[PDB]
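S.K.: I am attaching a structure below and will ask some questions about it afterwards.
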Amino acid sequence: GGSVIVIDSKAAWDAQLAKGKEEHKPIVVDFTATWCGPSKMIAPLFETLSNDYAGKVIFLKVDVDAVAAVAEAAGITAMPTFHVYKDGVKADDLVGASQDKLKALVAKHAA
């Protein structure tokens, strides 16, 4: 899926956040579920932005079915939910399938 990194475990989740802190590059995470309509509708844009901003922003995907513990720790309630992580901690979020809002989120934290 474009440049998006599929997170398959808590261990991979921690390592990616640790690398993003090392490299001083922001991380945008898409918390998804295959039963969620809005999640499937904005996934193509998340993939496109992952290609456009490759080198500036790290893009992760967390399926709440595959890694329930990471979704629980993140406090997810609705989907799609986007989280921005800087230096290991959550710095921003965006809930909903708004296309303009997602483009603005990635642009805000890539500058």
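Just so you know, the numbers here start at 1 and follow the chain as drawn.
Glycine residues also receive a Cβ, built from the backbone N, Cα and C atoms like all the rest.
So Swiss-Prot lists the following for this protein:
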- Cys36: active site, nucleophile (ACT_SITE)
- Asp30: site 'Deprotonates C-terminal active site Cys' (SITE)
- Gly37: site 'Contributes to redox potential value' (SITE)
- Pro38: site 'Contributes to redox potential value' (SITE)
S.K.: Please report the number of other Cβ atoms within 10 Å of the Cβ of the residue listed as 'active site, nucleophile'.
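M.R.: Summing over all protein chains shown, the residue listed as 'active site, nucleophile' has 16 other Cβ atoms within 10 Å.
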S.K.: Most Cβ neighbours within 10 Å: which of the recorded sites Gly37, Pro38 is it?
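M.R.: Going through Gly37, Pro38 one by one, the largest Cβ count within 10 Å is at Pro38.
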S.K.: Just to verify a number: CA distance, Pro38 (site 'Contributes to redox potential value') to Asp30 (site 'Deprotonates C-terminal active site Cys'), in angstrom, no decimals.
M.R.: 12
S.K.: What are the sequence-distant neighbours of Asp30 (site 'Deprotonates C-terminal active site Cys'), meaning same chain, six or more residues apart, C-beta distance under 8 angstroms?
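M.R.: The answer is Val4, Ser39, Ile42, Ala43, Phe46, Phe59, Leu60, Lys61, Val62, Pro80, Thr81, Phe82.
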